[PDB]
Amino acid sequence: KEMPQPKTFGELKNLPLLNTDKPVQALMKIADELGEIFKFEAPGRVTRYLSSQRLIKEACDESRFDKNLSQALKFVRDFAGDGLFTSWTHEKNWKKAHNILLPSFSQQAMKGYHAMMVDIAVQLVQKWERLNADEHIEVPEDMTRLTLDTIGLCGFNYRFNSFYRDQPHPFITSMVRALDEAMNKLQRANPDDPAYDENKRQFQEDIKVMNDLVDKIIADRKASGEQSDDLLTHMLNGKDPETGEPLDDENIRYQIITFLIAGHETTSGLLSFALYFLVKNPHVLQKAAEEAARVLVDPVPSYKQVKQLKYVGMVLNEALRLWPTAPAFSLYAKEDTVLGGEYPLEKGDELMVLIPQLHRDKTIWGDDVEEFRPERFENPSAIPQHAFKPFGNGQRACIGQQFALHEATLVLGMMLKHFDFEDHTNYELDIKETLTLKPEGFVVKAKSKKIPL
């Protein structure tokens, strides 16, 4: 059927529609206008945006469709390489890293990371306990400090000490500016102009800073022989059961950059969006706070206590439904095929899955899709297959899902235990798009319940 397509700009086709601060939000508004699928053309490129569970459940069939690197992921690949996130399924290093790393990221493995996660979580709570009266909290800034430090410590036993600085660690400055450069290049009608020559030189310098710090950490761990329980050790020792080969030090670097991108961007957004929805739904906040206080009886939460924070877990899943912080993923057709019995696709045709739109499909969620009701996640088996995908699909799904939800549950748990929150500015949601989504300018006041650590 003659697929809907948004408005065009002559020779540039649809491309200048992405010439905005908020491209994901612009494409969500196009999906509201045009429905479950639309064509998006750019000079030398065609993509098809999917919004309905009906079509996305077919796209998630691994026999017909495989992960595609979007233009965003091709640009991140200049510094994240053949790390798990920016590698094609058919590259030897994808399956090799997947087999080696999977056990390191299982629910079982989280008992190992727990103590380290607590270390950074206690630093967050102590910062907030130490604020004077009528001082406020910058939420996404503090959550980003936390998530970044938690992966640094759990990933390679490195302390970024974000809670001791206004000015972020040099490596972080280079990563943030590389990601900015990577997302900026999407929109540019004339890639290799002379304004961009200056950006190019900055980008190559930012790639070098990340490479140098990570290569030094790998070299220093090799020389020490210390067997810390972190991902770096697992990666230096570990053999793929398939090939019987370990990762070489170049790929280990790419994995570690990959992890620090994920810490920085995704998990901090989840925690920021959850706190936002809690202050805007006080009945739901009171339910989550009642659970935190009943379950988290010890000054230091244990692994087991975090596992019994069911309603905090439902809050995090409901925040991920409304604002999935990594809001899209891309597929290509392995062979000629028909999508939904009505859209023919040629081998190599791209689909973009718009996760925020999948998560608003009224045929799945009912007619109150815009309300924050964690009760939707009361019973996991009641959610239809491929209706809820904040962590992507099949073998190319987020390897960090258990790590993210453990950290977010522990931290949100401790935040609701230790503080009452005031939306003192009546914050209006403003969603900044980098690689990910974050509520920009989200500020609150925390009143300590004066419970000891």
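Between two forms, the rigid core is defined as the largest C-alpha subset superposing within 1.5 Å. The numbering used is simple: start at 1 and walk along the sequence shown.
Superposing the other copies on the rigid core and comparing 194 to 202 to 133 to 141, farther C-alpha placement in 9 other deposited structures of this protein marks 194 to 202.
Rigid core superposition in 9 other deposited structures of this protein puts the Cα atoms of one stretch, out of 214 to 222 and 313 to 321, farther from the shown form on average, and that stretch is 214 to 222.
When the two stretches 125 to 133 and 165 to 173 are set side by side, the higher mean Cα temperature factor goes to 165 to 173. When the C-alpha B-factors of 37 to 45 and 387 to 395 are averaged, 37 to 45 comes out higher. Within the selection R373, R221, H359, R145, the deposited Cα B-factor values reach their highest point at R221. Ranking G81, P299, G244, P282 by Cα temperature factor from the entry places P299 first. Looking at the C-alpha B-factors along this chain, the one for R77 belongs to the middle third.
Sort the chain's modelled residues by C-alpha temperature factor and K111 lands in the middle third, per the entry. For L435, the recorded CA B-factor ranks within the middle third of the chain. Only modelled residues enter the ranking. Sort the modelled residues of the chain by CA B factor and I217 lands in the highest third.
Sort the modelled residues of the chain by CA B factor and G155 lands in the highest third.
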